[PDB]
Amino acid sequence: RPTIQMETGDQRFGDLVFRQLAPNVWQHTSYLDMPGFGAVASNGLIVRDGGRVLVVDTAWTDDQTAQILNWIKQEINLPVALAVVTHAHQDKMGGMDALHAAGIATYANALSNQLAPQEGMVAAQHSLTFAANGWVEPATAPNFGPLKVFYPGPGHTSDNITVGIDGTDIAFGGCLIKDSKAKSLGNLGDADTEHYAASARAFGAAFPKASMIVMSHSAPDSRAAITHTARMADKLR
Amino acid sequence: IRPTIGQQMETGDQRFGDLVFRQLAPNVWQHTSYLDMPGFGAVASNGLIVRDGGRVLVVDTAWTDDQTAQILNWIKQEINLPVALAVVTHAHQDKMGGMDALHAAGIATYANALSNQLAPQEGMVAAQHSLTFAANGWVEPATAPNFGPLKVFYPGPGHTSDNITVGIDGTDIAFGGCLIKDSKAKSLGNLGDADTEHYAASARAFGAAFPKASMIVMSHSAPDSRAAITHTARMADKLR
Ligand SMILES: [Zn+2]
Ligand SMILES: [Zn+2]
Ligand SMILES: [Zn+2]
Ligand SMILES: [Zn+2]
């Protein structure tokens, strides 16, 4: 029962929760227990593509991330080819060593990799770079299957990236996008308050077709999460 | 100040040092203070300040002594009347972290007897006086001398076993502290010390104690309607 909830359609597995979102897409949820404060949920994705599994974001810790891999073994039983992690904070990159130990190739924005050690994180093995329009440079993201990686500009952090899943209704905003009933934008300590609104809108325009918006700290929402996030961010300028 | 958890600043609000103050009624203000958690950001906590004639009454400290001293400095600047007493609403840091600042200022402090018994087990300082309660939750009046408009009610165990609540007589405001979450809340906050069996009934008991309060003030979000009480209770129904 995190401080920052479980419903029908959720599967507990060890200390994590999994929810199927589409025939080949699942949301993973893990929890950080903070002394005196309680547990904080964070969400990522698991995608089955062409006999392999692709992961978006680690859990908060190496042990929780190893639990993700065990769930994948039990439920899907296909090799995990790669992971994409969406910025250099613990909720997204806390489990990199578990991925590396398992032989999984890891990818992050070059800037995330540069920030990683300064943020307490292990860097990904490979760096993604981006065009001026935000789209990933194709040669840096080989064999990504249906994953469409987009850098929307600075927002929650300067390095935040986002991921659409081609052939589905799903796009993943990570910690950039907050839900349509949110009171705030979460932790703004590392945020770019000038550019945030434009970055939220750029995410929406990059994935114009996605009706299910997945994000780190709330359940999947409509495109109203994008609109609402942008309007909250307009107030920061 | 843009806390990670808690309401944001809006029109009305006064920034004073590290805190924010919002007038809720001619004689009632909300104080807000912030705890920075490394890697997570700031967490807001709210209490109340009430003017009762020629004296001021406080509900809850800030997270720290220094923040609580700042509350007292705001009261001196904006109201310029003495603080007669403070009521603190359970033995967690957000509500009792600043007891030493109140004691240094010479302010009489009151808490549930249970909160005073628990405070030292959390490394905190007990209030100097103990409130006790009837079987229906109303404070025993002899334990709450000269409380003016503060009507203290123990609704039963919920967020904690000791949590108390305060209606402000002569207004349409009631304070639920950390028992009550806002009408759009996704969770009941920290349940580490909570009574999941009794929470829903306790939330409803608070609503029934102050049935004509239309403005519900709470620790970690902006003042809300009575939908905060009903939503809290509905979330708590799921815990049993
Ligand atoms: Zn982050
Ligand atoms: Zn986050
Ligand atoms: Zn508490
Ligand atoms: Zn609290």
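What you see of chain A is 32-35, 38-270, where the numbers are those given in Swiss-Prot.
Using the three backbone atoms N, Cα and C, a Cβ is placed for every residue, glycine included.
Here is what Swiss-Prot says about this protein:
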BINDING   A:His120, A:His122, A:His189  Zn(2+) 1 binding site
BINDING   A:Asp124, A:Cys208, A:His250  Zn(2+) 2 binding site
BINDING   A:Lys211, A:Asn220  substrate binding site
Those binding-site residues of A:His120, A:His122, A:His189, A:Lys211, A:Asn220 having Cα within 10 angstroms of A:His250 (Zn(2+) 2 binding site): A:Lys211
Candidate binding-site residues A:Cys208, A:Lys211, A:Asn220, pick with smallest Cα gap to A:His120 (Zn(2+) 1 binding site): A:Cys208
Chain B contacts among the binding-site residues A:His189, A:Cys208, A:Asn220, A:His250 (Cβ under 8 Å): A:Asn220
Alpha-carbon distance [A:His189 (Zn(2+) 1 binding site); A:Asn220 (substrate binding site)] in Å: 8
Residue with minimal Cβ packing [other Cβ atoms within 10 Å] among the binding-site residues A:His120, A:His122, A:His189, A:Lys211, A:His250: A:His250
Cα-Cα distance linking A:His189 (Zn(2+) 1 binding site) and A:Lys211 (substrate binding site), given in Å to the nearest integer: 10
Output field, Zn(2+) 1 shell: CB within 8 Å of site CB centroid, site A:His120, A:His122, A:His189 dropped: A:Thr119, A:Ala121, A:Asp124, A:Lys125, A:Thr190, A:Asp192, A:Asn193, A:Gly207, A:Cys208, A:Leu209, A:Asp223
Secondary-structure category, per DSSP, in which A:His120 (Zn(2+) 1 binding site) falls: coil
Rounded distance in angstrom between the Cα atoms of A:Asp124 (Zn(2+) 2 binding site) and A:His189 (Zn(2+) 1 binding site): 13
Shell of the Zn(2+) 2 site beyond A:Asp124, A:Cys208, A:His250, same chain only (C-beta within 8 angstroms of their C-beta centre): A:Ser75, A:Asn76, A:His122, A:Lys125, A:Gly207, A:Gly219, A:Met248, A:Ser249
Cβ neighbour count (within 10 Å, all chains shown) around A:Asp124 (Zn(2+) 2 binding site): 26
Local backbone state of A:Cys208 (Zn(2+) 2 binding site), from DSSP in three classes: coil
Cβ under 6 Å from ligand 1: qualifying binding-site residues of A:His122, A:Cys208, A:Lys211, A:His250: A:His122, A:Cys208
Those residues of the chain, 6+ apart, with a Cβ under 8 Å from that of A:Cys208 (Zn(2+) 2 binding site): A:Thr119, A:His120, A:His122, A:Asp124, A:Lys125, A:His189, A:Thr190, A:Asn193, A:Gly219, A:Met248, A:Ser249, A:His250
Unmodelled segment of 2 residues: Cα separation of flanking A:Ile35 and A:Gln38 in Å: 9
